[PDB]
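I have placed the structure first, in the form of structure tokens, so that the comments after it can refer back to it.
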Amino acid sequence: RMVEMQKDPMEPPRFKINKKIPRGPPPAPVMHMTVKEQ
Amino acid sequence: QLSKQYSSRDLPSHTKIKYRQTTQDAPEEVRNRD
Amino acid sequence: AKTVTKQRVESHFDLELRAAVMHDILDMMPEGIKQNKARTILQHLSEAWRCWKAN
Amino acid sequence: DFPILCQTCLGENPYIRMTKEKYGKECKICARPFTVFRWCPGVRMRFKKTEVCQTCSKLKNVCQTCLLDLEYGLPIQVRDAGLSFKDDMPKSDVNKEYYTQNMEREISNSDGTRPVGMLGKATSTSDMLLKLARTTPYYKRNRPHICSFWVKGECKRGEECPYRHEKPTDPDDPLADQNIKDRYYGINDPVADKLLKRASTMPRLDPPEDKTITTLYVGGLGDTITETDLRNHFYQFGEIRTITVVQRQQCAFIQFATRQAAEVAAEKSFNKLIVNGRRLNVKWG
Amino acid sequence: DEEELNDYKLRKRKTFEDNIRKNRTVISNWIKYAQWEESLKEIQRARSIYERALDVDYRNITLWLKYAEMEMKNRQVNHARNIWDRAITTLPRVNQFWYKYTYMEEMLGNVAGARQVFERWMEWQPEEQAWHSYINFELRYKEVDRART
Amino acid sequence: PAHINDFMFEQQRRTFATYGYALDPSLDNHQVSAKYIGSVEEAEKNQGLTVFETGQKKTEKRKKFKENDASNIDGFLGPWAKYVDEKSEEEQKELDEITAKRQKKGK
RNA sequence: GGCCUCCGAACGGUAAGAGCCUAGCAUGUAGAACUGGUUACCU
RNA sequence: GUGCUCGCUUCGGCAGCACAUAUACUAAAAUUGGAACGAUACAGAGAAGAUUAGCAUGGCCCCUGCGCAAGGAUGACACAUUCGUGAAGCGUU
Ligand SMILES: [Mg+2]
Ligand SMILES: [Mg+2]
Ligand SMILES: [Mg+2]
Ligand SMILES: [Mg+2]
Ligand SMILES: [Zn+2]
Ligand SMILES: [Zn+2]
Ligand SMILES: [Zn+2]
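Protein chains in written order, with our numbering: chain U, 488 to 525; chain E, 1260 to 1293; chain B, 70 to 124; chain R, 56 to 340; chain G, 2 to 150; chain F, 42 to 148.
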């Protein structure tokens, strides 16, 4: 029998979220010079 | 992981959406117009 | 989400001008293929702007 | 919703009341908040509660509270000594955070029921650990902690005291120290090492008393069995040379083309094989 | 040795990471880091470096060549094979990848494999020179019928 | 999901907790079910006595001294009545030894 | 015929740091072992 | 535990029945390892020769701040001479 635990309404945010971790990394294929121009 | 922080700006304002009326220029008129 | 402001406006306008030119032209000018004069073209930009300030 | 659990934790009662907190605790490994579950396992029991988030269990395939494998009930260092160490996972700080993040997306995209890459490996087993795997539930594990007033001689709650009144474990024993992180990663785990020492003594694989000998000295035959049991067991291995049979002491000698096959039949056989509902015991010469 | 060597690695390693974090791209930092770990024969680390560099800029063809090359130098044939396949899949237009891929297979002896690669390559309707190379490939063996086809 | 009448759940949970035998819940155990799931020593003997239903027989009450008038002071015990009956040395030693060892280890 | 304002607080100044040494602060954890086996034939 | 069985039936005991139905991060503990901007010590502010005003840009750096405001040193962090190998591909004598 699952029961949801009662939360104390005057309880502050329990734990700290601020921590920051670098953005995660397949490329679709692209399918898309003269000397003088260079 | 959603923070309990808030801000003044964020609070409700203009919760209603002003739909255009018939004389304002509802899309119904527009479709019919030449 | 920092908000544009009086302290930051001149810096803001020049920031997004450097970006405007950069995106536009390096997406516009190219075929250097390696790096095309981005530092350099922008230095030409600041040079020209000073020159117009000095008439 | 709903934890991942050992059968041994969950309880010996089939009826169970189990409570739930949305973000109860940080997990002691990937250190995130996660849904936590408490329940009472039994009459004298302790109210266990999940210790680690569901993800890092799916990652190493383990109970949330125990951190023992689902199938084997073995500490992780063991079943890795049993198959594949090369799973790994960064221990180090911001990596751990990063790798957890990505692997959390990878898991999100799975069928849901599968411990990621390990399961591709997890099927092939039975080398030893099956034979060292634990058989029945072990309830001594959920008993309440040792009352620490009484263990100083004082406890003034008398009989009421829910804790347990008895002698604790001598801090000398290396099996005491037992960090959590440590048990998780499979480093210098005293328990796991003990089980490794226990693994070695299994009389089993060294064999090779003499060269080329494929002779199998089979004890504990019994007079119900026929040879045809033997052959239709042993044709899997290869080309038999022959089989000698003695029913007066109920020992059966066997001979195969190569010694390799005889070693095999030992391995596959030793203290494992039974046919005719009767144990078929094997020895060399 | 045992500890003294180790400290050296931290100073270099840490420096490499700092350089990368500062500039993010400028893949000469990525490459140098990869090369150093390759030289110490820590090639599992090297692989991760190359993959991270690819995440930053997958289009950079020097990066891919250095990556595949590293695998080949360490006799890691199947890794190299994977990598080549990826390179041609994501950047099909780069002819350098195709030329190297077929060359590698030829060196390994896998004529069939090389043929398969070239047949893939030809689907892109490439350049006169590519077709010549395919024909010449065939003509290093008798295979005149194939050439004519 | 399941939607079992709460009251029945309580009946089964207490029945098991107290006596060890409760009728098992399963759906596809045989695809038909005839069987109890408890230790069952109690179940054969106690005929599935429910906690709510009165027990057929009563045994072994233990007494706690009480004064309920409340006229007296200090005197009065209410339902706060401390069981009259309930107020090892051999062990008393092993534990101590263990403690000592632990202390030493801290050193 | 009348007509009477205001009223105060915050930072922007005492360095920025790196190091070493020493209270302080959170956890109230999870887990703690294991047995029983035979030889027999022709030159 | 309370009440009731024209309960056995005395006022003691016993029986039946009704009512009443699962608390609790159990510890009044034990252990276990990051921070004080303390003193001390060394050293000592970006931009050009110096002295300084500042807005910014970027984020595995934060702090103060209710704040999408503003501050924290601009918060810190940001270090002209002259060519040839080796391999591969393509066309040619
Ligand atoms: Mg200032
Ligand atoms: Mg100033
Ligand atoms: Mg500022
Ligand atoms: Mg700044
Ligand atoms: Zn975790
Ligand atoms: Zn568990
Ligand atoms: Zn106690």
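Ideal Cβ placement from N, Cα and C applies to all residues, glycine included.
For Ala-88(B), the enclosing alpha helix (DSSP H) begins and ends at 78–95.
Under the criterion of beta carbons closer than 8 Å, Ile-28(G) and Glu-38(G) do not qualify as touching, at roughly 15 Å.
The Cβ of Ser-1262(E) sits closer than 9 Å to at least one Cβ of chain U. Relative to the Cα of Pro-88(R), the nearest Cα in the group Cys-108(R), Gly-293(R), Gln-156(R), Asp-56(R) belongs to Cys-108(R). Under the three-state reduction of DSSP output, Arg-93(R) falls in the strand class.
Just measuring C-alpha positions, the residue of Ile-309(R), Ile-242(R), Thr-297(R), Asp-232(R) sitting nearest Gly-147(F) is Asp-232(R). Against chain U, the CB of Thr-26(G) has no partner CB under 9 Å away; the residue lies outside that interface.
With fewer than three CB-CB distances shorter than 8 Å, the stretch 84–99 of chain R does not count as touching the stretch 205–216 of chain R.
Here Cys-82(R) is buried. Its C-beta has 16 or more other C-beta atoms within 10 Å.
For a Cβ distance threshold of 7 Å, residue set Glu-132, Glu-135, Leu-136, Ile-139 of chain F lies close to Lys-222(R), ordered along the chain. If only complete runs of 4 or more residues are kept, the stretch 120–188 of chain R shows the alpha helix (DSSP H) at 131–137, 148–163, 171–177, 184–187, in order along the chain.
For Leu-271(R), the enclosing beta strand (DSSP E) has its first and last residue at 271–274. As computed with DSSP, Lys-80(R) is found in a beta bridge with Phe-89(R). Bridge pairing for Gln-310(R): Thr-297(R) [DSSP]. Collapsing the DSSP output to three states places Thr-74(R) in a strand.
In chain order, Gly-97 place their CB closer than 6 Å to the CB of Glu-67(R), counting only its own chain and leaving out the 5 sequence neighbours on each side. DSSP places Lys-338(R) in the uninterrupted beta strand (DSSP E) bounded by 336–339.
The three-state reading of DSSP puts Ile-329(R) in strand, counting E and B together. Look at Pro-93(G): its C-beta is under 9 Å from a C-beta on chain U. Under DSSP, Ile-201(R) forms a beta bridge with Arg-219(R).
Look at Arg-212(R): its beta carbon is less than 8 Å from one of the heavy atoms in ligand 7. Counting only runs of 4+ residues, the alpha helix (DSSP H) found wholly inside the stretch 15–44 of chain G occupies 28–40, in chain order. If you draw a straight line from the Cα of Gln-493(U) to the Cα of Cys-118(R), it comes to about 25 Å. For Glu-491(U), the enclosing beta strand (DSSP E) begins and ends at 489–491.
DSSP, reduced to helix, strand and coil, places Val-117(R) within a strand of the structure shown. DSSP, reduced to helix, strand and coil, places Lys-67(G) within a helical segment of the structure shown. The C-beta of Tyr-100(G) comes no closer than 9 Å to any C-beta of chain U.
With its beta carbon at least 9 Å from every one in chain R, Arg-103(F) lies outside the interface. Cβ atoms of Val-319(R) and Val-273(R) stay farther apart than 8 Å, at about 15 Å. Between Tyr-59(G) and chain U, the shortest Cβ-Cβ separation is below 9 Å.
Using a C-beta cut-off of 8 Å, the stretch 270–286 of chain R makes no contact with the stretch 163–176 of chain R, since fewer than three inter-stretch Cβ pairs fall below that distance.
Cα atoms of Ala-63(F) and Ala-84(F): separation of roughly 8 Å, rounded to the nearest angstrom.
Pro-130(R) counts as buried, since no fewer than 16 other beta carbons sit within 10 angstroms of its beta carbon. In its chain, beyond the 5 residues on either side, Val-171 have a beta carbon closer than 8 Å to the beta carbon of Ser-165(R).
Per DSSP, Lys-236(R) is one residue of the alpha helix (DSSP H) stretching across 235–240. Distances from the alpha-carbon of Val-125(F) to those of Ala-141(F), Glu-51(F), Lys-107(F), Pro-42(F) put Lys-107(F) closest.
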